[PDB]
Amino acid sequence: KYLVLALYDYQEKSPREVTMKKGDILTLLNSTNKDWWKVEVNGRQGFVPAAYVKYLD
């Protein structure tokens, strides 16, 4: 179970990004990069800013 909470809305601005809404619980796919985390939201995968999510533990 690897979940993150969206702390802010984020609208995708480049091809491999995804959009999320504040309060969404996203599945974390890859957190190897310090700035951009790969997540799954609404049937879609892609990157959001690491700073805009909180790892749930």
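Refer to the structure printed above.
What comes next concerns the included structure. Every chain's residues are listed with numbers counted from 1 in the order the sequence is written; these need not match the entry, and residues without coordinates are not shown. Hydrogens and water molecules were not included; the side-chain quantities draw on all heavy atoms of the structure.

Another aspect to go through is the nonpolar core. Take the buried residues of types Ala, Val, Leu, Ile, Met, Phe, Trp, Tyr and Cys, join any two whose side-chain atoms come within 4.5 Å, and each joined set is a nonpolar core. Burial classes follow relative accessibility: with a 1.4 Å probe on protein chains only, a residue under 20% of its type's maximum area counts as buried, one over 50% as exposed, and anything between as partly exposed. The biggest cluster of nonpolar side chains holds 13 residues, and the ones touching the most others in it are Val4, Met20, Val39 and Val48. Segments assigned H or I by DSSP are reported as helices when at least four residues long, segments assigned E as strands when at least two residues long, and all are numbered from the N terminus. Residue assignment for this core shows that the elements contributing at least two residues are β1 (3-6), β2 (25-30) and β3 (36-41). Ranked by the residues each element gives to this core, the list is headed by β3, at 3 residues. In this view, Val4 contacts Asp24, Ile25, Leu26, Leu28, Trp37, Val39, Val53, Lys54, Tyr55 and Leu56; residues no more than four positions away in its chain are not counted. Residue contacts are counted whenever heavy atoms from the two residues lie within 4.5 Å of one another.

This brings us to the sheet that holds strand β4 (residues 44-49). A pair of strands is treated as paired once DSSP finds two or more bridges between them. Strands sit in the order β4-β3-β2-β1-β5 across an open sheet of 5 strands; the sheet is antiparallel. Only two strands of the sheet have a single partner each, and these edge strands are β4 and β5 (53-55). Across the sheet, the mean angle from the axis of one strand to that of its neighbour is 45°, orientation sign disregarded. Summarising the sheet, β1 and β2 pair through 3 bridges and their orientation is antiparallel. Paired with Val4 across the bridge in β2 is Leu26. Axis definition: a line fitted to C-alpha atoms, limited for helices to the stretch in contact. Angles are taken between N-to-C directions and run from 0 to 180 degrees.

Below, the discussion takes up the pairing of β1. For β1 and β5, the ladder comprises 3 bridges, and the chain directions are antiparallel. Residue pairing for β5: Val4 is matched across the bridge by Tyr55.

Looking now at the pattern of salt bridges. Put simply, a salt bridge is a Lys or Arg side-chain nitrogen that is within 4 Å of an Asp or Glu carboxyl oxygen. Within the structure shown, the criterion is met by 2 salt bridges. Between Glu12 and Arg44 there is a salt bridge; the shortest N-O distance is 2.5 Å. Of this pair, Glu12 sits in the loop between β1 and β2 while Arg44 sits in strand β4, and the two are 32 residues apart along the sequence. With its nearest N and O atoms 2.9 Å apart, the salt bridge here joins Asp35 to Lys34. In this structure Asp35 comes out as partly exposed when scored by relative accessible area, which is 42%. The exposed category is assigned to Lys34, whose relative accessible area is 69%.

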